[PDB]
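Notes for the one structure printed next.
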Protein chains: 4
Amino acid sequence: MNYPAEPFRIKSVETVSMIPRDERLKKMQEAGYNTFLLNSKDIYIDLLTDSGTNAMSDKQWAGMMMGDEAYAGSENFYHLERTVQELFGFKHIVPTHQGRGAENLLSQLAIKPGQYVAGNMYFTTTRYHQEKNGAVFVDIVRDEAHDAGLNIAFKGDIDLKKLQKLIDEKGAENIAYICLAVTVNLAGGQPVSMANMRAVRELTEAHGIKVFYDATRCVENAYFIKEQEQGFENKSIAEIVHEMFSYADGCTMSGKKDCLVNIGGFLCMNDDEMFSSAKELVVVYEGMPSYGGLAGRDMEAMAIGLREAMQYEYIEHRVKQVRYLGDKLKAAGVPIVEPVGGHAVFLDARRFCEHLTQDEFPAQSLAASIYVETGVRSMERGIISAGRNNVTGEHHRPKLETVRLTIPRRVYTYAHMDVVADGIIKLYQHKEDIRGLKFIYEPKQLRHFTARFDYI
Amino acid sequence: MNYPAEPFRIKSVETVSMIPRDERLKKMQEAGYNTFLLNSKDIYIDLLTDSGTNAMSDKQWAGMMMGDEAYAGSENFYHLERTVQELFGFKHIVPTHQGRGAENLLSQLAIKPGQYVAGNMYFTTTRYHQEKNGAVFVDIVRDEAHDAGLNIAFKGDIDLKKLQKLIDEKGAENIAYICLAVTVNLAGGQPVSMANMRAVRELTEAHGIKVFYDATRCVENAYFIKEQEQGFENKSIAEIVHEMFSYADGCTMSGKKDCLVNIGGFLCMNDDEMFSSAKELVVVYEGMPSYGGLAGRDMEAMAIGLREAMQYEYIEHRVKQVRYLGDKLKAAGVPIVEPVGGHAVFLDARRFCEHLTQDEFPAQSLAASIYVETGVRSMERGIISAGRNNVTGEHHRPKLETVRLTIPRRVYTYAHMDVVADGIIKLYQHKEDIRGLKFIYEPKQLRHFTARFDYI
Amino acid sequence: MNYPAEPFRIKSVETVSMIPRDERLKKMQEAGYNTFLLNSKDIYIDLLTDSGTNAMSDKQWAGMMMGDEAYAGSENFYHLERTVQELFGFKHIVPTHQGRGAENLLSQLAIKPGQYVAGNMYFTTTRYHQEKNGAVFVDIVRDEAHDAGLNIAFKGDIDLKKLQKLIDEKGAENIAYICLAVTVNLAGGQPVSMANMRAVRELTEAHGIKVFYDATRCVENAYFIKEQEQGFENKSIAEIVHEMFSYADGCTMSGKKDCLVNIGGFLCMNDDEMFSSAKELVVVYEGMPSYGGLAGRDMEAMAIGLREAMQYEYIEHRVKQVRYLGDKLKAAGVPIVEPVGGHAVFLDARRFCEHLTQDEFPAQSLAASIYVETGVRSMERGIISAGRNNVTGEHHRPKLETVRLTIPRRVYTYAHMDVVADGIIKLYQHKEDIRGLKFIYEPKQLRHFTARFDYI
Amino acid sequence: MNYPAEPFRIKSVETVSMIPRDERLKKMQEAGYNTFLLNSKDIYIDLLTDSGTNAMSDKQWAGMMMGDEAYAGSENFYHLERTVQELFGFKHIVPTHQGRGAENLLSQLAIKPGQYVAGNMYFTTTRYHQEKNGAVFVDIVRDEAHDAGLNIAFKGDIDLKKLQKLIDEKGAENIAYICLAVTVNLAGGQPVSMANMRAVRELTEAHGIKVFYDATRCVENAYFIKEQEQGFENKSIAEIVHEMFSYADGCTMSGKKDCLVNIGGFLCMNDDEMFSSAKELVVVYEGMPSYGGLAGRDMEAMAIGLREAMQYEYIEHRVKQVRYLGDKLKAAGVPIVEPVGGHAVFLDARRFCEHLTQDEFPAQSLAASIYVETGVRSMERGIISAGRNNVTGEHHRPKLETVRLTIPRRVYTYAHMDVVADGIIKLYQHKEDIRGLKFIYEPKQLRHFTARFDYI
Ligand SMILES: CC1=C(O)/C(=C\N=C(/Cc2ccc(O)c(F)c2)C(=O)O)C(COP(=O)(O)O)=CN1
Ligand SMILES: CC1=C(O)/C(=C\N=C(/Cc2ccc(O)c(F)c2)C(=O)O)C(COP(=O)(O)O)=CN1
Ligand SMILES: CC1=C(O)/C(=C\N=C(/Cc2ccc(O)c(F)c2)C(=O)O)C(COP(=O)(O)O)=CN1
Ligand SMILES: CC1=C(O)/C(=C\N=C(/Cc2ccc(O)c(F)c2)C(=O)O)C(COP(=O)(O)O)=CN1
Ligand SMILES: [K+]
Ligand SMILES: [K+]
Ligand SMILES: [K+]
Ligand SMILES: [K+]
């Protein structure tokens, strides 16, 4: 089916409600026109992020009651370890409270100052942690991933020619590692093909370069592989996931996405020495190698969640619900990044706000207008998030200037998607009304989280 | 709005799945062609009943962690007591584990053998408990309630002429009480108007006759009053509910319906003497006057749920979701009871299976076929449920021969409704294939729950 | 150990507090000097009963999150069914909301008016249900069970000579069944030996008489067999429990005791015909044969709890904690029923209040005084509970006139036991102050639950 | 009362068990004789730490069901924020996943390389983050805090003459801040007096020096003030806590101690500019200013638990339960740190193992032997934990060479304390059997967490 019914039913609910437009106007201004700064109770449908906002199952809530809260050697850590070893096939695991805790560890463990890290498109926390440890980030994603309107499969693939050029020009020894993300968040939640994963393994292995996956949305990625990559139509999601990670030396994971939890992450690796070093560092920032800044009950819920995520009907519906929202938006001519990704519809604010230049922050302003007009919260994924160039002080200027309608797993229905689409479509009819913004307060890094703006 | 989005979002889920038709064929025969005898894991979408199958809120689950499990005087009982006193306006409450526990008490308390009980249509457990205690049930519902296809408002209303006729012919002193149900389940979930409740109160009070409400779906009932009775458009659901019970001497309640819980009921009354007698009897069958066969945590969840149920947007959506299913079926030509009621769509098995006689049990067989062809469980509400005449031994033979597609509160989506409608519409295309049934095992009372059948 | 440390640790808590003496004085008066009528919030340590007041484990609370709330065929019911079949060895089980629900079913199913039911001492709800159905209760417990101060093992044993006498004088066909309770609650929590169950099975079998156990505290009973009956020292609690029920035709169970839950019970039987008849009747009073008036989650919690109860260290500590309280009392010369039973210490009010006659209700008044002086709630288990002779209207006058300090499973500590002991011992120093009571309001049955009194 | 009964009762339990000595011997060797490396399942009574191991209340578990899991502006964050503002009286709060996350933030925010941080005794993570950010740690605790056997009140107090000397010799501008911990963990859980907090506040404010409290066991600290400092006997615990922090510029807090939770922490400050900088940094390591690496439900549980901690009878019993264990050990002549502190009894391993030198790691070995002989886990708090001098590479070699029997809040009973005491006293009788240890694996920082040893 184009659009399957939910492969689950509702066990428990939380209410939603909408404050009137006059009040939303005030709230948007109080938040300095940054949706990050709005309060949860003032939001009707919260599409800021699919991170940590997921609905857990009855089985996970059973796990929540069985936390072994020991400071060291918790049974829940061992359940998590066994599960990740079985499903991902990595030798070793260090839990972290969430994904950027794992990025902090990886970056300190695997980067020498002066080295290059090459990735399939930047990510905000990921790039900050690479740069603060002395690395230069090099984008090796295929060109197509920066082309918003282009409807092509596997937009997240690395261009092997860009990888080869980095190697030839800078030398393999000067490359800390390749960061391969599945899916690619800022490209629109775009998947990477198994073919590309295998090809990257082969090239890097030949030159002795390590490859660490960002595994955060690896199950959405696995779904696209099953759906679209020839040869995989009859493989299980679990088989796909396991093969994906066989092409990697380790991974960072925010469990707050595809592990279907509200908190949690981990760092994996095959190398014994790196594992030892990781454990020496985890106690500095996170907690013991057997809790990593998580309560025992959360290691448990994460272990259970990862295994649930492998169910075909669950992930098919997950992805197709997002696709449904995108299809409704397209049917009305609303410009979006194509194809629709695993976790979100990305409005293309470059097209939506043609009357604004990127320097007046059209994505940031569009996200504010969406809230004011509909009570829906969405996220800036453009020039603000991209941050400043750490050598020149200028904005990084991504080609993609987008607003992310991000869907938490198992929280909303198609009726909620219809409400979102209807509201965005009405706003599009008067898109010329959206005004440019300027900074009135800009943090020194990861500025999108807490920046404040005013209208031009 | 015709069909509002859910005014809540999902906090936790439980998976659903479907076993193939060939296995369902076998399971249906193992169940003696009676949907009550099917196992839960063998059912894809379970519309057997809206009783006790509801999804609770996060707030209710918080109350589930706060059970004061004292054998007597639990703080949870006091919370329930004051909630019901506030919302229903009755003087006294006695908790029971569910509705038929309250029916057992009322019937033993209020019936002298040989007396009449008059109601707006029979109900199965209610009539059995009336008859077990020596009463003769008299149906005083308006004639239109028995006319499946007749689309009129407030089909649940008592015909005051029938009540008057009973008083005239039998004498007021020979009437134990009037049972006034809101809504009327077996009529299709049909509401009773405020005007009717008032007229019933006036006539009964003039003859000294007691009126006990069956409050089980009172909130659905209050919704229909708000929506359709002129003079009530601007009243809150809560003030409608309170006014309704101001015309009663007490009530039975299965909380497993409109109190949004999985177990729980109670008996209310204004009379001090009956309250005293009720407390003497509750300890025989249920438990103390302060737990009545419930865990403290369940009195808590029931108190919280009754109050949540008064939110307009919740109950508007609840009722319109049922209406949506009914609208799809009607549009495709599938025969249903009209108008659509508060809790369920009722297929008209008489019209659906015109090739069968009522003696061949078309509702029971239609329910079996629905399960075989779709994995949806539905309920017989026809000749089987109506039981036998306890004087003559003949089947009661109700005019309404129906299969009930019953919707748990806050559990399913419109997509689930679409799946259900598609399946029933497909079966309707070959309705001539539905075969008649005969009993192979018949229980001595309430026979629909566990009777077994074979095809004739 | 005489007194083992708890074989568990605390996963969660609820607070306790004590209102001052002058407030307790007022509350006791407002409660008509009946401890049943006190509110939970006004109680410091609530020892009214071990029924439904148990602390569940983390595993049970895990189970509480996994309720399959289906109206029929719940997976939780099948887990319960398979657990009871495995552990008790009965063919069939019918769930009930608690114990007296099962007694209602048994008594209606197995008693013809005019017949005798013989038991190892009466119990309150049990005897009422026997009588209501037209049986005469005959006490066949050994004489020693009525001798409060006698310290002998297996006081709950049936006297085979009394059973034989009944067979000889009334005929086997006039005995509905034998009701063998393990342990015997009103004898002081006294166990029955395996030797005795064997002998009763043999005598009843020879005469075609049925034996139904009251299984309510069968695990406490199994503990005494293991501790004290020759040949059982190396048998597991589970092995002992299974052998016990191999001597029975069925059982009633209140799960609210040894199944470690807050609500729940069941009826078991080996006979196919009785099982069919039980299922016809369960739907009248309780619910479906597959929920019996319980939420799915509670059948789950009860299935888990029954299996947990078989852990030797748990039930060892359970029983020895009670024994600890009894030993502290005996050390101070406070008169109690001997030996200490499985679930409670029974103060011997006959000796404690030797200045009052039984017609002045010493046990009722002692219970009132204990609350006033200490904030501890305890239960009348004497002339009040015994009720009225249904032929003569006089009080039944049990030899045992006792006040029960009943200990919920896994709730209190030895320090709590010490506080209770200190309070009772202090009261004992001035026991002469305890005043006689008289009825002010007397229910027609099970009078102890809600009766009100005043000082003579 | 010397030792009060628990001012709560048990709501739910988790089982404990003991593996036999021969298995414990093997597990201990497998853990390289480091108790941190043992598995929770292999531990009978786990006294490793009071961090994150607490039992929550029913009210907290209710709060666990009401997590608003929004990525930004969660209602649970606002509850935590207003709770801490009310109770601690700081202007601003930034949540962190636990204490060392708050220490990472404070140290990066408030230290310029080469500055001094002075504190009332070192702590492990605290000193590491100070040093890693370029500070030199200066111990300004009174000399008596380092004298295990010296029983004096308020041993945690800063020596004002050491602070004055630091200011005189280094200059106030070269002091990054003062770290004032309440209680002082490594001194034995020793309280700081209100008089000392005032004196430190006066001196630091005169030189424009900031004082940040380590708030981790501030409620235990408040208890000692109430119990022992003249002029506070009639004040509530909450009034005392609020006054304490009125002498501070901010705090770090691990909520995993006195906030009665299993995960959680925060950083407080009064200064607006520092709040802004902390928010710029929190997003790097932890998460948003409104979740800081915690699930919404954990911010809820922490807000609830901090408020519960202020209950006098709760904290009185908490501290007096520790005292009970300490009193038992002292009476048998087992050497301990005196007086007994808020959270633990510290065995004095220098005196316990007088036949060993500190170079042979007697605290580390004594902890290993306690586990082998008793199944009780305890913590090294001596030469291993103290780590190496970051200039010379020599062991810090603290005067206090101790093993900590650390008591989680609301988890164990006095009977568990008796079992622990019995086992320690028994081991003390053959204390000369305890063998010296040497490193076989030594981490580069915080080495006690994962170091492995072998017998000399
Ligand atoms: C592919 C990847 C992520 O998507 C990711 C997180 N994602 C978020 C949360 C967030 C992160 C960065 C932002 O600029 C942002 F505005 C929102 C999100 O909504 O997209 C992390 C970091 O994992 P943590 O969030 O568990 O630390 C690593 N890798
Ligand atoms: C208007 C009313 C009810 O609808 C009702 C129950 N209703 C059910 C459950 C059920 C009852 C009787 C059946 O023949 C049946 F097949 C199903 C239902 O599905 O409709 C009760 C009794 O409340 P209890 O179920 O809490 O005891 C009293 N009054
Ligand atoms: C050996 C047996 C029991 O002990 C028992 C109950 N016991 C209670 C509760 C109660 C019962 C009767 C009283 O007079 C009383 F004051 C208190 C108790 O505290 O002892 C039941 C009945 O099980 P239900 O309580 O689940 O219906 C059957 N059999
Ligand atoms: C006075 C203070 C603490 O006691 C403290 C922690 N205490 C622990 C856990 C632990 C910490 C350090 C160790 O060497 C250790 F072996 C155990 C403990 O058991 O004592 C923290 C840090 O708070 P976090 O643990 O929430 O990050 C800051 N300040
Ligand atoms: K249910
Ligand atoms: K209870
Ligand atoms: K923990
Ligand atoms: K979250």
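By order of appearance in the structure tokens: chains A, B, ..., then residues from 1 within every chain, and ligands from 1 in the order shown.
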Return as a PyMOL selection string the full set of residues in range 130-337 of chain A whose backbone-based DSSP assignment is alpha helix (DSSP H).
chain A and resi 130-132+160-170+194-206+218-228+237-246+272-285+296-309+312-331
Could those residues be written to a file, using C-alpha atoms, as a compact mmCIF listing (two decimals), in the first residue's frame?
```txt
# COMPACT_ATOMS: atom_id res chain seq x y z
CA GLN A 130 35.42 17.43 15.01
CA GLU A 131 36.58 21.07 14.82
CA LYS A 132 37.04 21.53 18.55
CA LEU A 160 34.16 8.03 -4.24
CA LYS A 161 35.91 10.50 -6.56
CA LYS A 162 35.83 13.18 -3.80
CA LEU A 163 37.15 10.62 -1.31
CA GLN A 164 39.94 9.65 -3.73
CA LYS A 165 40.82 13.33 -4.25
CA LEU A 166 41.13 13.93 -0.48
CA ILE A 167 43.42 10.89 -0.22
CA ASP A 168 45.56 11.99 -3.23
CA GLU A 169 45.91 15.60 -2.14
CA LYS A 170 46.20 15.36 1.65
CA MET A 194 24.63 -0.88 0.45
CA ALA A 195 26.61 -0.62 -2.82
CA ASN A 196 28.10 2.69 -1.61
CA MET A 197 28.84 1.32 1.91
CA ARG A 198 30.70 -1.63 0.35
CA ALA A 199 32.61 0.67 -2.04
CA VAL A 200 33.67 3.03 0.74
CA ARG A 201 34.83 0.07 2.89
CA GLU A 202 36.95 -1.19 0.00
CA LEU A 203 38.65 2.16 -0.79
CA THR A 204 39.32 3.09 2.87
CA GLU A 205 40.55 -0.42 3.84
CA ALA A 206 43.09 -0.30 0.99
CA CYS A 218 20.14 3.33 10.41
CA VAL A 219 16.77 1.53 10.49
CA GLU A 220 15.10 4.13 8.23
CA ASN A 221 18.12 3.69 5.97
CA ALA A 222 17.71 -0.12 6.02
CA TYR A 223 14.09 0.33 5.00
CA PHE A 224 15.03 2.39 1.89
CA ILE A 225 17.58 -0.32 1.00
CA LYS A 226 14.92 -3.06 1.24
CA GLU A 227 12.41 -0.92 -0.69
CA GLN A 228 14.66 0.38 -3.46
CA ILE A 237 15.47 -5.25 7.93
CA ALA A 238 17.69 -6.96 10.55
CA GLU A 239 19.82 -8.67 7.87
CA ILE A 240 20.25 -5.34 6.06
CA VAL A 241 21.23 -3.49 9.26
CA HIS A 242 23.82 -6.16 10.14
CA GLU A 243 25.36 -6.10 6.64
CA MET A 244 25.47 -2.27 6.67
CA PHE A 245 27.61 -2.27 9.83
CA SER A 246 29.93 -5.01 8.58
CA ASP A 272 40.39 -3.53 21.36
CA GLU A 273 42.77 -0.62 21.98
CA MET A 274 40.17 2.03 21.07
CA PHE A 275 37.70 0.28 23.37
CA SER A 276 40.15 0.46 26.27
CA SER A 277 40.79 4.15 25.60
CA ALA A 278 37.06 4.84 25.25
CA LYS A 279 36.42 3.35 28.67
CA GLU A 280 39.21 5.53 30.19
CA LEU A 281 37.39 8.58 28.84
CA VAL A 282 33.69 7.68 29.38
CA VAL A 283 34.09 8.08 33.21
CA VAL A 284 35.23 11.71 32.69
CA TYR A 285 32.08 12.95 30.93
CA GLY A 296 19.58 1.20 34.23
CA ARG A 297 15.94 1.32 33.10
CA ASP A 298 16.95 3.38 30.05
CA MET A 299 19.60 0.94 28.88
CA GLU A 300 16.83 -1.59 29.10
CA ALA A 301 14.24 0.47 27.14
CA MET A 302 16.92 1.16 24.50
CA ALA A 303 17.81 -2.54 24.16
CA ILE A 304 14.11 -3.38 23.71
CA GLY A 305 13.48 -0.45 21.34
CA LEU A 306 16.33 -1.26 18.95
CA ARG A 307 14.99 -4.82 18.54
CA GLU A 308 11.40 -3.55 17.97
CA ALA A 309 12.60 -1.14 15.32
CA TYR A 312 9.26 -4.47 8.79
CA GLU A 313 5.65 -3.32 9.19
CA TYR A 314 6.63 -0.81 11.89
CA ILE A 315 9.41 0.86 9.82
CA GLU A 316 7.43 0.70 6.58
CA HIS A 317 4.58 2.62 8.22
CA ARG A 318 7.06 4.97 9.92
CA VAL A 319 8.58 6.02 6.57
CA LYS A 320 5.32 6.01 4.57
CA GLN A 321 3.58 8.28 7.12
CA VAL A 322 6.29 10.88 6.46
CA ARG A 323 5.94 10.28 2.70
CA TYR A 324 2.17 10.89 3.05
CA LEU A 325 2.80 14.36 4.50
CA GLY A 326 5.23 15.15 1.64
CA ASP A 327 2.80 13.86 -0.99
CA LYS A 328 0.00 16.12 0.36
CA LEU A 329 2.41 19.07 0.29
CA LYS A 330 3.56 18.30 -3.29
CA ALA A 331 -0.04 17.88 -4.47
```
Set the cut-off to 9 Å and count only C-alpha atoms: what are the residues of chain C that reach chain B? Output as a PyMOL selection string.
chain C and resi 14+36-41+46+48-54+66+68-75+97-98+100-101+104+125+128-129+262-264+276-277+279-281+283-289+293-296+443-447+449-450
Just the residues within 12 Å of residue 22 in chain B, please, counting only C-alpha atoms, with nothing from its chain fewer than 6 positions along; format it as number ranges by chain.
B: 28-29, 371-375
Could you please write out, as a list in words, every residue of range 176-274 of chain C that DSSP assigns to strand (DSSP E)?
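Residues of range 176-274 of chain C classed as strand (DSSP E): residues 176, 177, 178, 179, 180, 181, 211, 212, 213, 214, 250, 251, 252, 253, 254, 265, 266, 267, 268 and 269 of chain C.
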Applying 9 Å and only C-alpha atoms, which residues near range 112-117 of chain C remain after dropping the ones on its own chain fewer than 4 positions away? List them as an mmCIF file with C-alpha atoms, in the first residue's frame.
```cif
data_model
loop_
_atom_site.group_PDB
_atom_site.id
_atom_site.type_symbol
_atom_site.label_atom_id
_atom_site.label_comp_id
_atom_site.auth_asym_id
_atom_site.auth_seq_id
_atom_site.Cartn_x
_atom_site.Cartn_y
_atom_site.Cartn_z
ATOM 1 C CA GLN C 108 -24.141 -22.127 43.851
ATOM 2 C CA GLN C 130 -22.645 -21.907 52.126
ATOM 3 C CA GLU C 131 -25.699 -20.920 54.202
ATOM 4 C CA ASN C 133 -27.267 -21.582 49.297
ATOM 5 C CA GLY C 134 -29.084 -23.781 51.836
ATOM 6 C CA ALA C 135 -26.202 -25.697 53.449
ATOM 7 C CA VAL C 136 -25.567 -26.324 57.136
ATOM 8 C CA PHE C 137 -21.913 -25.783 58.075
ATOM 9 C CA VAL C 138 -20.311 -28.531 60.193
ATOM 10 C CA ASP C 139 -16.928 -27.915 61.853
ATOM 11 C CA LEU C 166 -20.965 -36.863 59.876
ATOM 12 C CA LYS C 170 -26.207 -37.854 57.805
ATOM 13 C CA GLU C 173 -25.040 -38.252 49.685
ATOM 14 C CA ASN C 174 -26.119 -35.431 52.048
ATOM 15 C CA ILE C 175 -22.644 -33.858 52.198
ATOM 16 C CA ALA C 176 -22.152 -31.313 49.394
ATOM 17 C CA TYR C 177 -18.412 -31.266 49.923
ATOM 18 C CA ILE C 178 -15.588 -30.901 52.419
ATOM 19 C CA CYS C 179 -13.923 -27.474 52.547
#
```
Residue 121 in chain B surroundings by only C-alpha atoms, 10 Å radius, close-in-sequence under 4 positions cut, as a compact mmCIF listing (two decimals) with N, CA, C and O atoms, in the first residue's frame:
```txt
# COMPACT_ATOMS: atom_id res chain seq x y z
N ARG B 127 -31.26 -7.46 32.21
CA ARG B 127 -32.49 -8.25 32.19
C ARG B 127 -32.36 -9.56 32.97
O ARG B 127 -33.28 -9.96 33.68
N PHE B 137 -39.56 -7.95 32.95
CA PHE B 137 -39.06 -6.78 32.24
C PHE B 137 -40.12 -6.28 31.26
O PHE B 137 -40.73 -7.07 30.55
N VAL B 138 -40.33 -4.97 31.22
CA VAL B 138 -41.27 -4.38 30.27
C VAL B 138 -40.53 -3.32 29.48
O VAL B 138 -39.89 -2.44 30.06
N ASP B 139 -40.60 -3.42 28.15
CA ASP B 139 -39.89 -2.49 27.27
C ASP B 139 -40.76 -1.27 26.99
O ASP B 139 -41.83 -1.39 26.38
N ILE B 140 -40.27 -0.09 27.40
CA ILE B 140 -41.02 1.17 27.22
C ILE B 140 -40.31 2.17 26.30
O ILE B 140 -40.68 3.35 26.25
N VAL B 141 -39.30 1.70 25.58
CA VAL B 141 -38.66 2.51 24.57
C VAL B 141 -39.65 2.83 23.46
O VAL B 141 -40.56 2.04 23.17
N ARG B 142 -39.50 4.01 22.87
CA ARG B 142 -40.34 4.40 21.74
C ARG B 142 -40.17 3.37 20.62
O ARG B 142 -39.05 2.85 20.40
N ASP B 143 -41.27 3.11 19.90
CA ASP B 143 -41.25 2.08 18.84
C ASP B 143 -40.14 2.29 17.82
O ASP B 143 -39.61 1.31 17.28
N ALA B 145 -37.07 3.05 18.08
CA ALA B 145 -35.79 2.44 18.46
C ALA B 145 -35.61 1.03 17.91
O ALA B 145 -34.48 0.59 17.76
N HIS B 146 -36.70 0.32 17.63
CA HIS B 146 -36.59 -1.04 17.08
C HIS B 146 -36.55 -1.07 15.55
O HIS B 146 -36.51 -2.15 14.95
N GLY B 156 -33.36 6.67 21.69
CA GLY B 156 -33.40 6.08 23.02
C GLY B 156 -34.56 6.51 23.93
O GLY B 156 -34.78 5.89 24.97
N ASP B 157 -35.28 7.59 23.57
CA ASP B 157 -36.34 8.15 24.44
C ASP B 157 -37.41 7.13 24.86
O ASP B 157 -37.85 6.31 24.05
N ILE B 158 -37.84 7.23 26.11
CA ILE B 158 -38.97 6.44 26.59
C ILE B 158 -40.24 6.98 25.97
O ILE B 158 -40.41 8.19 25.80
N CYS B 179 -35.78 1.69 34.64
CA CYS B 179 -34.37 1.70 34.28
C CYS B 179 -34.21 2.54 33.02
O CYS B 179 -34.69 2.19 31.96
N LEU B 180 -33.57 3.69 33.17
CA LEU B 180 -33.39 4.58 32.01
C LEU B 180 -31.92 4.59 31.61
O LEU B 180 -31.10 5.16 32.32
N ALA B 181 -31.59 3.94 30.48
CA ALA B 181 -30.20 3.87 30.01
C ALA B 181 -29.80 5.00 29.06
O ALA B 181 -30.55 5.35 28.15
N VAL B 184 -28.59 4.17 24.78
CA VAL B 184 -29.19 2.83 24.71
C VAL B 184 -28.35 1.93 23.78
O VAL B 184 -28.41 2.08 22.54
N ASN B 185 -27.60 1.02 24.40
CA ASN B 185 -26.61 0.18 23.73
C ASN B 185 -27.29 -0.59 22.58
O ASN B 185 -26.94 -0.39 21.42
N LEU B 186 -28.29 -1.41 22.90
CA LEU B 186 -28.86 -2.35 21.91
C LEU B 186 -29.69 -1.70 20.80
O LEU B 186 -29.95 -2.33 19.78
N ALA B 187 -30.06 -0.43 21.00
CA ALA B 187 -30.71 0.37 19.96
C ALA B 187 -29.74 0.88 18.90
O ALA B 187 -30.16 1.48 17.90
```
Could you name the residues that touch residue 439 in chain C at 9 Å or less, counting only C-alpha atoms, but leaving out those on the same chain fewer than 2 positions away, as a list in words?
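Returned residues: residues 437, 441, 442, 451, 452, 453 and 454 of chain C.
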